[PDB]
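See below for the structure under consideration.
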Amino acid sequence: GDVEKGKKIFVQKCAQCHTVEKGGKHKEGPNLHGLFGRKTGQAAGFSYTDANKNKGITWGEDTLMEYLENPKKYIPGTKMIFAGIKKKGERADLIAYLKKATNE
Ligand code: HEC
């Protein structure tokens, strides 16, 4: 995916609730640094719902593609309030951004 486009998508749709950098603050949602290859509900120091803690999947390209299409369908009872991104390209770009930004 296109990392620059993904950043713009992140800023538009995600950044008000999430930081990405190492040591970034939790906000309404958790800081996302280190997400890739991590199980659900494992950012330190954040009160997740039991639903997000209990989902039990490993975050990566395949599971983010599904989740981001419709978060509440993938994790029913999540307190993340975001309807989803319908477009496959847009999700791929966003994921490519996340794979860089969350690992820097
Ligand atoms: C606030 C209004 C949010 C917006 C907009 C987005 N997210 Fe979010 N996210 C938010 C909360 C409160 C939580 C925790 C949910 C729970 O039920 O405890 C989350 C969680 C996620 C996660 C899972 C993190 C993990 O398992 O460690 C991911 C991967 C995630 N959020 C990503 C994400 C992206 C990419 C968004 C824009 C498309 C986005 N979120 C929007 C709150 C909010």
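How things are named: the first chain in the structure tokens is A, the next is B, and so on; residues count from 1 in each chain; ligands count from 1 in the order shown.
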
For segment 88-98 of chain A, find every residue with an atom within 9 Å (counting only C-alpha atoms), except residues of its own chain fewer than 6 positions away, and show them as a PyMOL selection string.
chain A and resi 1-10+20+32-33+35-36+60-61+64-65+68-69

File of the preceding selection, N, CA and C atoms, as a PDB file, in the first residue's frame:
```pdb
ATOM      1  N   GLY A   1       0.834  -1.241   0.000  1.00  0.00           N
ATOM      2  CA  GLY A   1       0.000   0.000   0.000  1.00  0.00           C
ATOM      3  C   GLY A   1       0.849   1.262   0.000  1.00  0.00           C
ATOM      4  N   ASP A   2       0.178   2.395  -0.175  1.00  0.00           N
ATOM      5  CA  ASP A   2       0.800   3.728  -0.263  1.00  0.00           C
ATOM      6  C   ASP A   2       0.817   4.357   1.141  1.00  0.00           C
ATOM      7  N   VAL A   3       2.025   4.428   1.710  1.00  0.00           N
ATOM      8  CA  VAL A   3       2.214   4.905   3.052  1.00  0.00           C
ATOM      9  C   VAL A   3       1.759   6.370   3.224  1.00  0.00           C
ATOM     10  N   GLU A   4       2.059   7.251   2.243  1.00  0.00           N
ATOM     11  CA  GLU A   4       1.654   8.693   2.389  1.00  0.00           C
ATOM     12  C   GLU A   4       0.122   8.830   2.403  1.00  0.00           C
ATOM     13  N   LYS A   5      -0.547   8.141   1.493  1.00  0.00           N
ATOM     14  CA  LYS A   5      -2.014   8.144   1.501  1.00  0.00           C
ATOM     15  C   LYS A   5      -2.574   7.576   2.811  1.00  0.00           C
ATOM     16  N   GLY A   6      -1.930   6.514   3.293  1.00  0.00           N
ATOM     17  CA  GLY A   6      -2.366   5.927   4.557  1.00  0.00           C
ATOM     18  C   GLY A   6      -2.246   6.831   5.746  1.00  0.00           C
ATOM     19  N   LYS A   7      -1.190   7.678   5.750  1.00  0.00           N
ATOM     20  CA  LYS A   7      -1.075   8.636   6.830  1.00  0.00           C
ATOM     21  C   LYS A   7      -2.267   9.600   6.817  1.00  0.00           C
ATOM     22  N   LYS A   8      -2.589  10.099   5.598  1.00  0.00           N
ATOM     23  CA  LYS A   8      -3.736  11.025   5.479  1.00  0.00           C
ATOM     24  C   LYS A   8      -5.045  10.369   5.970  1.00  0.00           C
ATOM     25  N   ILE A   9      -5.250   9.099   5.608  1.00  0.00           N
ATOM     26  CA  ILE A   9      -6.407   8.376   6.099  1.00  0.00           C
ATOM     27  C   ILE A   9      -6.390   8.253   7.632  1.00  0.00           C
ATOM     28  N   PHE A  10      -5.209   7.968   8.147  1.00  0.00           N
ATOM     29  CA  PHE A  10      -5.089   7.870   9.610  1.00  0.00           C
ATOM     30  C   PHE A  10      -5.444   9.156  10.286  1.00  0.00           C
ATOM     31  N   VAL A  20       0.541   6.690  17.490  1.00  0.00           N
ATOM     32  CA  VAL A  20       1.278   5.589  16.912  1.00  0.00           C
ATOM     33  C   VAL A  20       2.714   5.430  17.365  1.00  0.00           C
ATOM     34  N   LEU A  32      -0.948   2.736  19.554  1.00  0.00           N
ATOM     35  CA  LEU A  32      -0.836   1.608  18.672  1.00  0.00           C
ATOM     36  C   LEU A  32       0.576   1.144  18.360  1.00  0.00           C
ATOM     37  N   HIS A  33       1.586   1.746  19.001  1.00  0.00           N
ATOM     38  CA  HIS A  33       2.922   1.299  18.747  1.00  0.00           C
ATOM     39  C   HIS A  33       3.090  -0.187  19.057  1.00  0.00           C
ATOM     40  N   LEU A  35       1.752  -2.791  17.531  1.00  0.00           N
ATOM     41  CA  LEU A  35       0.590  -3.606  17.233  1.00  0.00           C
ATOM     42  C   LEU A  35       0.855  -4.856  16.367  1.00  0.00           C
ATOM     43  N   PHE A  36       1.705  -4.780  15.365  1.00  0.00           N
ATOM     44  CA  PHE A  36       1.836  -5.843  14.421  1.00  0.00           C
ATOM     45  C   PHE A  36       2.505  -7.056  15.048  1.00  0.00           C
ATOM     46  N   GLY A  60      -2.284  -8.146  12.227  1.00  0.00           N
ATOM     47  CA  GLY A  60      -1.416  -8.119  11.068  1.00  0.00           C
ATOM     48  C   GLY A  60      -2.230  -7.692   9.866  1.00  0.00           C
ATOM     49  N   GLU A  61      -1.634  -7.795   8.682  1.00  0.00           N
ATOM     50  CA  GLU A  61      -2.330  -7.319   7.489  1.00  0.00           C
ATOM     51  C   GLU A  61      -3.711  -7.995   7.341  1.00  0.00           C
ATOM     52  N   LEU A  64      -6.242  -6.948  10.315  1.00  0.00           N
ATOM     53  CA  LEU A  64      -6.579  -5.513  10.245  1.00  0.00           C
ATOM     54  C   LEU A  64      -7.484  -5.254   9.051  1.00  0.00           C
ATOM     55  N   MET A  65      -7.223  -5.900   7.923  1.00  0.00           N
ATOM     56  CA  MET A  65      -8.098  -5.726   6.745  1.00  0.00           C
ATOM     57  C   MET A  65      -9.542  -6.044   7.093  1.00  0.00           C
ATOM     58  N   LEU A  68     -10.928  -3.547  10.105  1.00  0.00           N
ATOM     59  CA  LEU A  68     -11.180  -2.148   9.723  1.00  0.00           C
ATOM     60  C   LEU A  68     -12.367  -1.962   8.822  1.00  0.00           C
ATOM     61  N   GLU A  69     -12.759  -3.026   8.126  1.00  0.00           N
ATOM     62  CA  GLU A  69     -13.951  -2.967   7.279  1.00  0.00           C
ATOM     63  C   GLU A  69     -15.214  -2.711   8.115  1.00  0.00           C
TER      64      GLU A  69
END
```

Taking the DSSP assignment computed from this structure's backbone, write out as a PDB file with N, CA and C atoms, in the first residue's frame all residues of chain A that belong to helix (DSSP H, G or I).
```pdb
ATOM      1  N   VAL A   3       2.025   4.428   1.710  1.00  0.00           N
ATOM      2  CA  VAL A   3       2.214   4.905   3.052  1.00  0.00           C
ATOM      3  C   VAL A   3       1.759   6.370   3.224  1.00  0.00           C
ATOM      4  N   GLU A   4       2.059   7.251   2.243  1.00  0.00           N
ATOM      5  CA  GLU A   4       1.654   8.693   2.389  1.00  0.00           C
ATOM      6  C   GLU A   4       0.122   8.830   2.403  1.00  0.00           C
ATOM      7  N   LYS A   5      -0.547   8.141   1.493  1.00  0.00           N
ATOM      8  CA  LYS A   5      -2.014   8.144   1.501  1.00  0.00           C
ATOM      9  C   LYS A   5      -2.574   7.576   2.811  1.00  0.00           C
ATOM     10  N   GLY A   6      -1.930   6.514   3.293  1.00  0.00           N
ATOM     11  CA  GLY A   6      -2.366   5.927   4.557  1.00  0.00           C
ATOM     12  C   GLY A   6      -2.246   6.831   5.746  1.00  0.00           C
ATOM     13  N   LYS A   7      -1.190   7.678   5.750  1.00  0.00           N
ATOM     14  CA  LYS A   7      -1.075   8.636   6.830  1.00  0.00           C
ATOM     15  C   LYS A   7      -2.267   9.600   6.817  1.00  0.00           C
ATOM     16  N   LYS A   8      -2.589  10.099   5.598  1.00  0.00           N
ATOM     17  CA  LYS A   8      -3.736  11.025   5.479  1.00  0.00           C
ATOM     18  C   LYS A   8      -5.045  10.369   5.970  1.00  0.00           C
ATOM     19  N   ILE A   9      -5.250   9.099   5.608  1.00  0.00           N
ATOM     20  CA  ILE A   9      -6.407   8.376   6.099  1.00  0.00           C
ATOM     21  C   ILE A   9      -6.390   8.253   7.632  1.00  0.00           C
ATOM     22  N   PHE A  10      -5.209   7.968   8.147  1.00  0.00           N
ATOM     23  CA  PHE A  10      -5.089   7.870   9.610  1.00  0.00           C
ATOM     24  C   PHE A  10      -5.444   9.156  10.286  1.00  0.00           C
ATOM     25  N   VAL A  11      -4.901  10.270   9.744  1.00  0.00           N
ATOM     26  CA  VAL A  11      -5.170  11.550  10.389  1.00  0.00           C
ATOM     27  C   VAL A  11      -6.655  11.913  10.335  1.00  0.00           C
ATOM     28  N   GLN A  12      -7.286  11.628   9.210  1.00  0.00           N
ATOM     29  CA  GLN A  12      -8.691  11.931   8.999  1.00  0.00           C
ATOM     30  C   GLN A  12      -9.630  11.089   9.867  1.00  0.00           C
ATOM     31  N   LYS A  13      -9.319   9.788  10.062  1.00  0.00           N
ATOM     32  CA  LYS A  13     -10.270   8.782  10.607  1.00  0.00           C
ATOM     33  C   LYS A  13      -9.867   8.191  11.927  1.00  0.00           C
ATOM     34  N   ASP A  50     -13.602  -6.123  27.801  1.00  0.00           N
ATOM     35  CA  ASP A  50     -13.375  -7.588  27.774  1.00  0.00           C
ATOM     36  C   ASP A  50     -13.497  -8.136  26.358  1.00  0.00           C
ATOM     37  N   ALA A  51     -14.400  -7.533  25.538  1.00  0.00           N
ATOM     38  CA  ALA A  51     -14.538  -7.971  24.176  1.00  0.00           C
ATOM     39  C   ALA A  51     -13.183  -7.848  23.425  1.00  0.00           C
ATOM     40  N   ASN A  52     -12.566  -6.659  23.496  1.00  0.00           N
ATOM     41  CA  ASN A  52     -11.252  -6.516  22.819  1.00  0.00           C
ATOM     42  C   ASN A  52     -10.165  -7.331  23.447  1.00  0.00           C
ATOM     43  N   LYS A  53     -10.205  -7.507  24.760  1.00  0.00           N
ATOM     44  CA  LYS A  53      -9.156  -8.369  25.346  1.00  0.00           C
ATOM     45  C   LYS A  53      -9.314  -9.826  24.971  1.00  0.00           C
ATOM     46  N   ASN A  54     -10.555 -10.224  24.760  1.00  0.00           N
ATOM     47  CA  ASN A  54     -10.938 -11.635  24.640  1.00  0.00           C
ATOM     48  C   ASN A  54     -10.973 -12.162  23.201  1.00  0.00           C
ATOM     49  N   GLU A  61      -1.634  -7.795   8.682  1.00  0.00           N
ATOM     50  CA  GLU A  61      -2.330  -7.319   7.489  1.00  0.00           C
ATOM     51  C   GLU A  61      -3.711  -7.995   7.341  1.00  0.00           C
ATOM     52  N   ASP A  62      -3.825  -9.327   7.477  1.00  0.00           N
ATOM     53  CA  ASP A  62      -5.100 -10.002   7.217  1.00  0.00           C
ATOM     54  C   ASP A  62      -6.160  -9.625   8.227  1.00  0.00           C
ATOM     55  N   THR A  63      -5.815  -9.638   9.510  1.00  0.00           N
ATOM     56  CA  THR A  63      -6.818  -9.373  10.528  1.00  0.00           C
ATOM     57  C   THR A  63      -7.188  -7.875  10.587  1.00  0.00           C
ATOM     58  N   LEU A  64      -6.242  -6.948  10.315  1.00  0.00           N
ATOM     59  CA  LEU A  64      -6.579  -5.513  10.245  1.00  0.00           C
ATOM     60  C   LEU A  64      -7.484  -5.254   9.051  1.00  0.00           C
ATOM     61  N   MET A  65      -7.223  -5.900   7.923  1.00  0.00           N
ATOM     62  CA  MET A  65      -8.098  -5.726   6.745  1.00  0.00           C
ATOM     63  C   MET A  65      -9.542  -6.044   7.093  1.00  0.00           C
ATOM     64  N   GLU A  66      -9.765  -7.164   7.780  1.00  0.00           N
ATOM     65  CA  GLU A  66     -11.122  -7.530   8.194  1.00  0.00           C
ATOM     66  C   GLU A  66     -11.707  -6.613   9.257  1.00  0.00           C
ATOM     67  N   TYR A  67     -10.926  -6.355  10.298  1.00  0.00           N
ATOM     68  CA  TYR A  67     -11.409  -5.528  11.395  1.00  0.00           C
ATOM     69  C   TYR A  67     -11.815  -4.154  10.904  1.00  0.00           C
ATOM     70  N   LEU A  68     -10.928  -3.547  10.105  1.00  0.00           N
ATOM     71  CA  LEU A  68     -11.180  -2.148   9.723  1.00  0.00           C
ATOM     72  C   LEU A  68     -12.367  -1.962   8.822  1.00  0.00           C
ATOM     73  N   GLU A  69     -12.759  -3.026   8.126  1.00  0.00           N
ATOM     74  CA  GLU A  69     -13.951  -2.967   7.279  1.00  0.00           C
ATOM     75  C   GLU A  69     -15.214  -2.711   8.115  1.00  0.00           C
ATOM     76  N   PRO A  71     -15.442  -2.636  12.408  1.00  0.00           N
ATOM     77  CA  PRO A  71     -14.859  -3.042  13.705  1.00  0.00           C
ATOM     78  C   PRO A  71     -15.818  -3.746  14.623  1.00  0.00           C
ATOM     79  N   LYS A  72     -17.037  -3.241  14.695  1.00  0.00           N
ATOM     80  CA  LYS A  72     -17.965  -3.788  15.701  1.00  0.00           C
ATOM     81  C   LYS A  72     -18.457  -5.161  15.287  1.00  0.00           C
ATOM     82  N   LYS A  73     -18.454  -5.484  13.999  1.00  0.00           N
ATOM     83  CA  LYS A  73     -18.791  -6.844  13.569  1.00  0.00           C
ATOM     84  C   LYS A  73     -17.702  -7.837  13.966  1.00  0.00           C
ATOM     85  N   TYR A  74     -16.450  -7.421  13.900  1.00  0.00           N
ATOM     86  CA  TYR A  74     -15.298  -8.257  14.236  1.00  0.00           C
ATOM     87  C   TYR A  74     -15.096  -8.416  15.747  1.00  0.00           C
ATOM     88  N   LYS A  88     -11.238  -1.341  -0.117  1.00  0.00           N
ATOM     89  CA  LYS A  88     -10.117  -2.244   0.091  1.00  0.00           C
ATOM     90  C   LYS A  88      -8.798  -1.508  -0.090  1.00  0.00           C
ATOM     91  N   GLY A  89      -8.679  -0.679  -1.141  1.00  0.00           N
ATOM     92  CA  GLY A  89      -7.475   0.115  -1.338  1.00  0.00           C
ATOM     93  C   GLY A  89      -7.137   1.032  -0.171  1.00  0.00           C
ATOM     94  N   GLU A  90      -8.154   1.758   0.266  1.00  0.00           N
ATOM     95  CA  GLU A  90      -8.002   2.651   1.401  1.00  0.00           C
ATOM     96  C   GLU A  90      -7.514   1.896   2.658  1.00  0.00           C
ATOM     97  N   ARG A  91      -8.130   0.755   2.935  1.00  0.00           N
ATOM     98  CA  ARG A  91      -7.650  -0.076   4.066  1.00  0.00           C
ATOM     99  C   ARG A  91      -6.225  -0.517   3.891  1.00  0.00           C
ATOM    100  N   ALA A  92      -5.870  -0.984   2.707  1.00  0.00           N
ATOM    101  CA  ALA A  92      -4.483  -1.385   2.419  1.00  0.00           C
ATOM    102  C   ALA A  92      -3.478  -0.256   2.604  1.00  0.00           C
ATOM    103  N   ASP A  93      -3.846   0.939   2.151  1.00  0.00           N
ATOM    104  CA  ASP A  93      -2.962   2.106   2.353  1.00  0.00           C
ATOM    105  C   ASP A  93      -2.798   2.452   3.827  1.00  0.00           C
ATOM    106  N   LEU A  94      -3.903   2.476   4.549  1.00  0.00           N
ATOM    107  CA  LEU A  94      -3.864   2.732   5.959  1.00  0.00           C
ATOM    108  C   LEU A  94      -2.995   1.697   6.698  1.00  0.00           C
ATOM    109  N   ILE A  95      -3.208   0.424   6.372  1.00  0.00           N
ATOM    110  CA  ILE A  95      -2.404  -0.639   6.980  1.00  0.00           C
ATOM    111  C   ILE A  95      -0.910  -0.487   6.673  1.00  0.00           C
ATOM    112  N   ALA A  96      -0.569  -0.150   5.415  1.00  0.00           N
ATOM    113  CA  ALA A  96       0.812   0.095   5.092  1.00  0.00           C
ATOM    114  C   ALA A  96       1.436   1.230   5.920  1.00  0.00           C
ATOM    115  N   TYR A  97       0.666   2.323   6.092  1.00  0.00           N
ATOM    116  CA  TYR A  97       1.083   3.399   6.992  1.00  0.00           C
ATOM    117  C   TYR A  97       1.314   2.865   8.416  1.00  0.00           C
ATOM    118  N   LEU A  98       0.329   2.103   8.895  1.00  0.00           N
ATOM    119  CA  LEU A  98       0.442   1.602  10.278  1.00  0.00           C
ATOM    120  C   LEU A  98       1.670   0.695  10.466  1.00  0.00           C
ATOM    121  N   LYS A  99       1.970  -0.109   9.454  1.00  0.00           N
ATOM    122  CA  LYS A  99       3.110  -1.034   9.544  1.00  0.00           C
ATOM    123  C   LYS A  99       4.390  -0.245   9.674  1.00  0.00           C
ATOM    124  N   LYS A 100       4.511   0.934   9.029  1.00  0.00           N
ATOM    125  CA  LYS A 100       5.688   1.786   9.248  1.00  0.00           C
ATOM    126  C   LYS A 100       5.626   2.515  10.567  1.00  0.00           C
ATOM    127  N   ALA A 101       4.559   3.283  10.782  1.00  0.00           N
ATOM    128  CA  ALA A 101       4.502   4.222  11.887  1.00  0.00           C
ATOM    129  C   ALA A 101       4.550   3.561  13.266  1.00  0.00           C
TER     130      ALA A 101
END
```

Nearest residue to ligand 1 from the set A:70, A:83, A:49, A:37 (distances using only C-alpha atoms and all ligand atoms):
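Ranking A:70, A:83, A:49, A:37 by distance to ligand 1, first place goes to A:49.
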
Residue with smallest distance to ligand 1 - pool A:40, A:85, A:22, A:46, counting only C-alpha atoms and all ligand atoms:
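The closest residue to ligand 1 is A:40.
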
Write out as a ChimeraX atom specification the residues lying within 12 Å of residue 25 of chain A, counting only C-alpha atoms and excluding same-chain residues fewer than 4 positions away.
/A:15-21,29-33,43-46

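For the residues A:27, A:102, A:48, A:56, ranking by smallest atom-to-atom distance to ligand 1 using only C-alpha atoms and all ligand atoms places A:48 first.
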
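Distances here use only C-alpha atoms and all ligand atoms; by that measure, the residue among A:55, A:76, A:82, A:34 closest to ligand 1 is A:82.
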